[PDB]
């Protein structure tokens, strides 16, 4: 009699846009997407078939496996982003529980070494100047591999030099020498600093306070002070603050009401900003804030926290990802009618993991929508590599002294 799937229930039809008889570009466009998602949702009834949700693991794997070696000229626009591709692909493989062959691990390692700059950090490819985004990616990729070869690639003294070179008077960081600032760079710096144990007591002075100025009237965080609240920057700000242990610098209550508000009543996915369209990748950057808030509020006594669920509709996010974000050929996507890429494959899967796995103390509780083989390996919400990789690397780098001591 009754639908197991929340997006297919009759009462769900009510969650459609109400434009109050006033049309703007925003409503027209939002109505357009809802029409498409409705077709996907309805297509089980229209075809006279029983619904069933499968994460197409084998097909995603083939796509990842090949991509890790070779890519079409469609990725010419990511030629200054090769470490990103390493990370996106390796992380997807790790989430899907596929072992990295040693030979592949070694080649990634050698390749990231060619990308490493002699004055510290990594560039977007061999011989490109260093930049903090590929530095973050490379370091994450190297931890996913998490062997001795991989750890030894990073040149920690020089990494710290590089970071200092980018640090600003007002607490913020440049993305690269002669580049610009935004909250993204703070997180990137905080992430590599803390995994590799190069954090000195002056490095992040002012940083938490600069990130705090990025929180605005909406509750979320913008890229720089004054700017609109955005899911990707909010993720980066909060996460940098968890690493720095200054969670408390922010109005966490208004941030919570902001992030929860970005889940779309109809699609089940998240939007990046208020009044914009749903998008598969925010399944991570927005829904990954919830575990970060959960830990932050818990560290403050909040006695009202659930011991089984994050504060968003975990089931509806899985429905969105599984029904609307999979390419039948392999890989995942922003929304139906877009085309797959390694970025969306990475973050759709990371978002799925989060929506599946709850953990607060000794309290572990899963929700696996669809078939049980859908379950993914868990991801650390600060770093978006596996919690085991985080442990293994931090442990290993605490063996060494902070350069300069």
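Positions refer to the first chain, counted from 1.
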Exercise for the section: Would you determine, from the values in the PDB entry, which of 234 to 242 and 103 to 111 has the greater average C-alpha temperature factor? Expected result: 103 to 111
Fill in the blank from the handout: Once average C-alpha B-factors are taken from the entry for 23 to 31 and 58 to 66, the winner is 23 to 31
Problem - C-alpha B-factor winner, where the candidates are 151, 88, 187, 210 - result: 151
Problem - Member of 140, 147, 72, 172 with the greatest C-alpha B factor (per the PDB record) - result: 147
Completion exercise
Entry-reported C-alpha B-factor of residue 353 relative to its chain, by third, is lowest
Handout entry: Ranked C-alpha temperature factor of residue 46 among modelled chain residues, by third
Key = highest
Problem - residue 332 - Cα temperature factor, lowest/middle/highest third of chain - result: lowest
Handout entry: For residue 228, the third of its chain into which the C-alpha B factor falls
Key = lowest
Completion exercise
residue 204: C-alpha B-factor third of its chain, per the entry, is the highest
